[PDB]
Amino acid sequence: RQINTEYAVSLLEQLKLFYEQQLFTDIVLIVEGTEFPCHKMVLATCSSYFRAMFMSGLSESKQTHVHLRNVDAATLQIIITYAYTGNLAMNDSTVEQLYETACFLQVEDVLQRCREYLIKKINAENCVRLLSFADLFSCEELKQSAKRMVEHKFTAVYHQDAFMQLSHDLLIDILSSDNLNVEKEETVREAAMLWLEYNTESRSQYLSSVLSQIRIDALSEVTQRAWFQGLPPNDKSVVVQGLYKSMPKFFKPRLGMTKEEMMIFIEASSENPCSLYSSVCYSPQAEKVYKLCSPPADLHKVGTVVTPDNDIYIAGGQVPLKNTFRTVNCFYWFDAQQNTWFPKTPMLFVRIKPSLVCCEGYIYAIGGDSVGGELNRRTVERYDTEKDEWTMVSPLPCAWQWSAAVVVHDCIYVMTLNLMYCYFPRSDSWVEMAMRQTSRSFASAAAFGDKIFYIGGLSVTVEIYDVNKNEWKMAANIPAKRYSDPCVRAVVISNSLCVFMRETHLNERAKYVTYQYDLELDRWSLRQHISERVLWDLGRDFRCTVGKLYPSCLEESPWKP
Amino acid sequence: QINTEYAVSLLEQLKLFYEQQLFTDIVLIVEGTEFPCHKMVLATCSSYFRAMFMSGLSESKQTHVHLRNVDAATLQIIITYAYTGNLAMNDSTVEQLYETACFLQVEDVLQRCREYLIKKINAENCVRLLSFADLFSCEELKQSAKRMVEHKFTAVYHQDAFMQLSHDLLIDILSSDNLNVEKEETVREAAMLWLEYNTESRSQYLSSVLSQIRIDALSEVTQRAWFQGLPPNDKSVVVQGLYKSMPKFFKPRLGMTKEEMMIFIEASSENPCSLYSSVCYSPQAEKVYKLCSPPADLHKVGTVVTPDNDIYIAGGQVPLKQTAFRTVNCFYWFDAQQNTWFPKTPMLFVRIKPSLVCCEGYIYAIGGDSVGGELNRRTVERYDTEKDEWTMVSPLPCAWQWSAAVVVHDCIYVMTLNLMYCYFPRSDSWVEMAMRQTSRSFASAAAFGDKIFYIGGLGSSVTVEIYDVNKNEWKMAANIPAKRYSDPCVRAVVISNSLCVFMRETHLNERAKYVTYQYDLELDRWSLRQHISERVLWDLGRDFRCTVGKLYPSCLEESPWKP
Amino acid sequence: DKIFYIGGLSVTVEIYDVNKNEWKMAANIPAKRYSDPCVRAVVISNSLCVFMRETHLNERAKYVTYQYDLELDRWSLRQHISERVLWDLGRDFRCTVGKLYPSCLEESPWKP
């Protein structure tokens with residue numbers, strides 16, 4: 001039995017003290033002239049290479065001085081600090097060299113720690129770099145994660161400097177995969193070309209291999225003429241092998257072309273009584289209802305946000321204590337292919353129904369019950385999508401509840417009962433814009449074009465605001481029925497303003513129908529009526545947002561018409 | 001803080017290396033037994049190996065060291081503790097464990113075995129432990145041995161190891177003012193028999209041992225007996241002791257200051273900040289001496305006084321950290337001199353108001369509202385005062401609540417509302433006894449001679465039912481004459497070889513009055529033995545208990561409280 | 001010759017002068033988020049000082065006195081009362097300045 005109370009801590013601390021005082025040392029590591037007198041026992045324990053270094057009978061087993069090369073001394077001191085105390089304390093810059101030295105020394109625990117740290121830090125730019133790093137040092141978890149991140153982002157960037165310097169096998173795996181998040185088939189073609197234009201006459205065979213990989217759909221466009229311009233002289237059989245890649249090799253449709261603009265819904269009426277709420281989706285064009293997996297599977301009252309790059313995030317929320325609703329500041333992100341939710345850096349305050357707004361690539365969480373007891377309650381907190389951290393910003397002018405916030409013209413706009421403040425995204429200047437003549441709450445707003453459409457409130461209030469004009473005006477009243485309960489939802493659909501409303505009467509069933517609204521007509525034309533045979537009841541606390549999803553990755557929601 | 005995960009990983013990897021013998025460079029050669037180990041672990045654990053390897057001598061460099069004057073098993077257990085931290089300590093090898101720990105100067109194992117020995121000190125190894133603490137310098141063990149040896153040995157003075165003791169240790173023991181003896185002559189004869197263990201090896205110490213005993217026995221008998229055992233023609237001792245007993249004026253010791261007193265627990269706290277306190281009444285000094293508070297204000301407990309005059313506390317509940325109370329099975333022992341409660345081995349099950357009864361040296365706790373509450377919730381358990389452990393006994397056939405128990409004729413007699421069962425320690429069985437004709441509860445009984453006197457019962461009353469063990473029958477004697485329209489609080493106890501009663505009565509719109517009566521056994525009448533004046537004794541409460549015991553007025557202090 | 005009205009419901013520092021007959025603000029005493037500050041203003045050794053205690057959620061009270069300057073409008077750190085000698089006081093406690101005898105009085109026993 002390992003008694004952790006007395007001996008373990010005391011033994012570890014005394015070993016660390018002996019290391020500090022250079023006591024009972026019998027082995028010293030020479031690293032480019034730097035001396036590291038650590039002790040044989042702890043070396044052989046942590047590392048799986050030092051045990052063979054000191055146990056296997058050779059000339060270095062009986063050697064007081066050992067000249068170990070190809071290892072960094074700063075990283076080696078970090079390793080020996082982790083070896084005398086159990087604490088790694090890794091930064092964000094020296095992770096690559098630390099992992100390389102750990103792999104060379106075969107230290108499993110620090111290898112796993114660095115693997116987890118790297119798999120948690122594939123943010124935006126090191127994706128291709130760490131993918132190449134994992135290709136050099138075999139790491140299945142890192143390889144798969146970096147491959148997915150590359151298939152997600154490089155398909156939208158395809159210009160990274162590090163991407164040019166890649167091995168043939170990794171590039172073939174990337175290109176031949178059917179996970180390319182590209183809505184068009186020419187971008188991958190030009191990416192492959194530019195990968196084969198900066199290094200030509202050196203990778204001509206690999207040029208032919210990538211040419212075959214990109215396949216006929218993009219091979220029949222321009223590649224022949226560009227290659228004729230750039231081919232080496234006196235090349236004949238290369239023409240023969242290039243001409244062959246027209247008929248064969250199974251031309252098939254890709255997966256990134258299925259970016260159907262749909263609607264993501266949360267907190268729906270769960271089918272099985274064992275579950276409370278569920279997240280589902282609706283297809284405006286396919287006229288189908290898809291489902292999504294709950295991010296925590298137990299926590300509710302979350303807020304949604306969609307970046308211009310079509311990303312889904314979940315922040316805040318409350319979960320039942322399950323003693324024998326507590327608020328959690330956790331954060332999550334939705335995977336567009338794996339149909340799962342990977343968590344991210346949690347917030348600093350446990351918010352209830354936060355309002356997340358994206359601007360300048362930053363996620364801004366406005367209001368939503370930060371803590372309540374916090375003296376400064378009229379406050380906000382934003383997110384960094386690149387650095388993966390939360391930065392405090394200028395607080396709210398006035399404290400508001402059940403508010404809504406949108407982004408227009410790269411500027412933060414938050415709407416409340418009657419007031420509105422514009423927060424300069426860069427100058428952090430909360431300046432009052434205009435005040436509504438009607439006091440309505442429990443409503444949301446949509447940022448369509450350059451006009452904010454605040455719909456609903458307690459109703460059918462249609463108050464249109466323009467940034468360039470800075471004024472509030474009414475347009476019309478949405479066609480509703482007598483004694484109805486219009487749950488209004490305003491959102492952009494296919495670059496056209498539309499609404500999604502549900503009416504409820506006494507002893508009557510709910511009806512779902514979306515209307516097409518015109519700017520100059522001030523009328524909501526009947527666009528499409530959602531049939532109850534495909535979509536069932538949603539509820540009251542459901543939320544709506546616009547985003548593109550994959551039908552194959554998701555699954556249809558089974559429900560009897 | 002230091003990462004505990006990496007610490008335990010390092011420790012288990014080092015222990016794996018030790019078991020597999022990979023990086024061992026130094027081998028300990030003890031009586032032909034190989035002990036392959038490392039230098040780092042030995043240096044970290046022991047303070048002798050750090051001076052053995054970091055010295056610069058022959059054995060410091062020799063990969064083979066012949067460690068002598070040690071034991072193989074002790075060295076093995078020390079090494080395995082240094083490699084994994086587990087110290088399996090039994091009741092036999094602790095002596096050699098301490099010997100090797102002192103030889104190797106390992107502080108952790110030394111402290112662990114010191115704690116084990118401070119817990120293991122008892123009557124049958126008191127002198128041996130004191131000699132061991134004299135051989136190896138250990139002040140804590142020496143002081144605990146001093147106290148326990150003084151008390152138990154002055155009670156017993158028959159240990160075989162007492163003969164083989166150093167002169168300085170005996171001088172310290174005999175000259176101390178903490179000895180517990182009813183008379184000053186038993187120590188005299190103990191010293192005489194120790195001196196007569198040898199003849200000439202004790203002659204030089206004869207002049208010193210008599211210098212610590214009072215001269216009241218240095219001129220009476222046991223001076224010619226030494227002359228009988230004197231070496232022949234020795235004229236430097238007879239005439240020496242003839243004119244030597246001028247100094248050392250007779251001073252009474254502390255052991256002769258024990259008086260029959262009534263110990264009270266859970267009394268009404270004079271200070272309102274405290275919840276319940278403990279006081280004591282002096283039937284002879286006519287005063288109220290304060291007592292130490294129960295351990296962690298342990299309420300709802302039971303008391304017992306062994307024939308050796310020892311006080312114990314078992315069961316009870318502590319307020320959990322408005323009503324809030326949690327029951328704990330902690331056990332404690334009261335120090336008659338230090339005025340403190342020394343913790344002992346806790347019980348197996350928690351109890352509320354347990355009946356502690358002593359018999360054949362075993363402490364019996366019958367019932368007491370156990371948390372178990374099973375089919376046989378009437379399970380009783382005895383305590384071993386020799387091995388310091390608890391052992392279950394035959395369960396009580398019937399489940400009883402608010403019961404009392406006494407010991408008569410080497411048997412346990414537990415009493416309930418109307419039934420009685422006698423437990424036979426020899427056969428571990430229960431036998432049906434006589435049935436009472438009155439249903440009374442919440443009363444106490446005192447065992448005087450071979451009779452059981454169940455006094456009171458239900459407030460209480462003046463009903464008395466006397467039971468005879470030899471006759472096996474319940475008979476009435478009389479009713480205690482008390483003031484009408486009152487609620488007396490009867491307390492049966494044995495004192496001065498007679499059955500007296502501690503009955504506190506309260507009248508209407510009047511304060512409680514304290515008075516004790518002497519019950520005439522042959523005349524069947526309660527006679528006024530003494531009236532307790534209210535100028536010294538204040539209110540105690542209702543849930544207070546009383547017991548018969550002896551205490552030292554010198555060690556205790558008078559309670560400062562207004563009449 | 002100046003009245004220093006401190007606190008109120010906070011850290012309001014309103015200084016009044018008899019010869020000038022006007023109320024003015026000087027500065028704010030350093031207070032943290034949700035720090036219940038029991039301000040106490042009193043004269044110490046012919047120098048204006050304050051005795052304040054801060055309380056947070058799931059946190060222990062801290063006692064510290066600061067030295068305030070008239071022309072600086074700042075409460076310089078004069079002395080921090082260690083909890084090893086002084087324990088918690090409460091909410092309705094009062095403070096006043098006076099001279100006493102140490103021999104006649106007795107030290108308050110309390111575990112650090």
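Residues numbered from 1 in each chain as written, not as in the entry; some residues may be left out. Chains lettered and ligands numbered in written order. Part of a larger assembly, values for the part shown. Heavy atoms only, no water. Residues with missing side-chain atoms left out of burial classes, pairs and counts.

## Points about unusual backbone geometry
For residues that are not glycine, phi is negative in most cases, and the peptide bond is trans in most cases.
Residue and element names in this part refer to chain B.
Then, in step 1: Its identity is not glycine, yet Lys248 carries a phi of approximately 65 degrees, on the positive side.
Then, in step 2: With respect to the helices, strands and loops of the structure, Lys248 is situated in the loop between helix 14 (238-242) and strand 4 (259-268).
Then, in step 3: Classification of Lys248 as buried rests on a relative accessible area of 17%.
Then, in step 4: Here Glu360, not a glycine, exhibits a phi torsion of approximately 55 degrees, which is positive.
Then, in step 5: Within the secondary structure, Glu360 is located in the loop between strand 13 (355-359) and strand 14 (362-366).
Then, in step 6: What makes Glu360 exposed here is its relative accessible area of 62%. (Helix = DSSP H or I, 4+ residues; strand = E, 2+ residues; numbered from the N terminus. Buried < 20%, exposed > 50% of the residue type's maximum accessible area, 1.4 Å probe, protein only.)

## Re the sheet that holds strand 2 (residues 34-36) of chain A
Residue and element names in this part refer to chain A.
Then, in step 1: Strand order in this open sheet of 3 strands is 2-1-3, and the pairing throughout is mixed. One side of each edge strand has no neighbouring strand; the edge strands of this open sheet are strand 2 and strand 3 (65-67). Between one strand axis and the next, the sheet turns through 25 degrees on average, direction left out of account.
Then, in step 2: As paired strands, strand 1 (residues 28-31) and strand 3 are joined by 3 bridges and run parallel to one another. The partner of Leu29 across the bridge, within strand 3, is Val66.
Then, in step 3: Packed on one face of the sheet, helix 4 (residues 73-85) meets strand 1 and strand 2 and runs near 10 degrees to strand 2. (Pairing = 2+ DSSP bridges. Axes fitted to C-alpha atoms, helices over the stretch in contact; angles between N-to-C directions. Contact = heavy atoms within 4.5 Å.)

## Considerations on the packing of helix 5 (residues 72-84) of chain B against helix 6 (residues 94-104) of chain B
Residue and element names in this part refer to chain B.
Then, in step 1: Where helix 5 meets helix 6, the axes come as close as 10 Å, and the angle between the chain directions of the two elements is 65 degrees. As summarised for this structure, helix 5 and helix 6 are arranged roughly perpendicular, according to the angle between their axes. By crossing handedness, the relation of helix 5 to helix 6 is classed as right-handed. Contacts between helix 5 and helix 6 pair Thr74, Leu75, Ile77 and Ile78 from the former with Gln96, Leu97, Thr100, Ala101 and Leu104 from the latter.
Then, in step 2: Residues that form the contact of helix 5 with helix 6 fall into these classes: 6 nonpolar, 3 polar and no charged. (Parallel < 35°, antiparallel > 145°, perpendicular 65-115°, else oblique. Left-handed = near helix turned anticlockwise from the far one by under 90°. Nonpolar A, V, L, I, M, F, W, Y, C, P; charged D, E, K, R; others polar.)

Any link to function would need more than the numbers given here.
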